[PDB]
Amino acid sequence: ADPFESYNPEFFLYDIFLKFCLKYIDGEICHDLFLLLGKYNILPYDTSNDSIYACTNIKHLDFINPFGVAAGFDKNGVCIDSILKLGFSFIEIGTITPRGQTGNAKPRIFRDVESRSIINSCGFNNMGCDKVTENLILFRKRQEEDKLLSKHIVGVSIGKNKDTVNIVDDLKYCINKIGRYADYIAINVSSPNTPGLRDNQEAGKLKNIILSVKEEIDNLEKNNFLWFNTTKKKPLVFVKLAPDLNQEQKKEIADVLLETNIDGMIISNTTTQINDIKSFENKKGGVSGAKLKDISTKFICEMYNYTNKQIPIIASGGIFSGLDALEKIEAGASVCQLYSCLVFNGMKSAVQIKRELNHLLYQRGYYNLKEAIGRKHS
């Protein structure tokens, strides 16, 4: 790929445009501008074949490379194709809710370039389960005609509308509408921006949530070719956890995860523990990026040991480099999700991080990425 060709994600003009937008334009306007470029398929694309030695898996989920885009980036599944073609193996769309929501008062997204941090108080703004399902169906039909997207994975993050009293009613509604089209379902009980959502991480409540979601997915088969997704199998079930939990809570959750046989755990969502970023002093919400890296890596180590290495991990939190990715993997993660990396590193994010990790796996003496999983604990 030529360095001065516009189709190349590493093309210098992308970093110039991004640096300008990061300096002078409102955060959510930048994000919506990126989604618009994606929607009209004007984004650059990765033309390199991914290394077979950096492939990974979670059960039957075969990731072509270890990098995906975390939930909350393409909330409505409006440009799945364009984001994936930047060089990512998967994307988690959503978080979606049964009815659409505009979310919390704007401005609600703020970036701190020096510390590579983001604070947000979005509050699950999305078009609603029915409209997002239409968007995902359209992608599944495009994927069926395009061989280049046949191995890319799409997960769906599901949550509850703000006014819903019982979360399970909302999760069931989403499963019944979008479940048939998802490779995996991520249960979001960790947003800090929906009042009382995090209370669902209590052991007793979480167990009922997991068993009800699993029962609802299992009933799609019982009541009714059926799977219009990548795997051609029922979606796996993941739980996304908050890093703001005590040791007693983490241990109780781990015991529930082992008993309910969850397919994976996403570690982690944003934190409410970071109070040292000056430009975020009077801002509300959860913090993402570099200040979240150490907290979430420590949380991966803890959960990997609490679950006795039986539950696969999806890493989320401050991953910017090949070095950051390897640290997550040796801590116990099987795959990585990026968010803040796309915001601060731009279009080149996937191409660059994949190169850095392949080089690092070679320097460290690993034959493949699978050999590195949980190696800190070996």
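Start at 1 with the first residue shown and count on from there. Take the two forms, find the largest set of C-alpha atoms that superpose within 1.5 Å, and that set is the rigid core.
- For 209 to 217 versus 275 to 283, the mean Cα distance to the shown form in 4 other deposited structures of this protein after rigid core alignment is larger for 275 to 283.
- Choosing between 12 to 20 and 360 to 368, the greater Cα displacement from the shown form in 4 other deposited structures of this protein, fitted by the core, goes with 12 to 20.
- Missing coordinates between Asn246 and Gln247 amount to none of the deposited residues, so the segment is unbroken.
- Look at the C-alpha B-factors of 36 to 44 and of 55 to 63. On average they run higher in 36 to 44.
- For the pair 139 to 147 and 287 to 295, the record assigns the higher mean C-alpha temperature factor to 139 to 147.
- For the set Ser316, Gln310, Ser334, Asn345, the maximum C-alpha B-factor listed in the entry falls on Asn345.
- The residue among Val154, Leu236, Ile274, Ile158 whose C-alpha carries the highest B-factor in the deposited model is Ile274.
- Compared with the other modelled residues of the chain, the Cα B-factor recorded for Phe88 ranks in the middle third.
- Ranked by C-alpha B-factor against the other modelled residues of its chain, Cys301 falls in the middle third.
- Ranked against the other modelled residues of its chain, the C-alpha B-factor of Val189 as given in the entry falls in the lowest third.
- In the deposited entry, the Cα temperature factor of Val78 sits in the middle third of values across the chain's modelled residues.
- When all modelled residues of the chain are sorted by CA temperature factor, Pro107 is found within the middle third.
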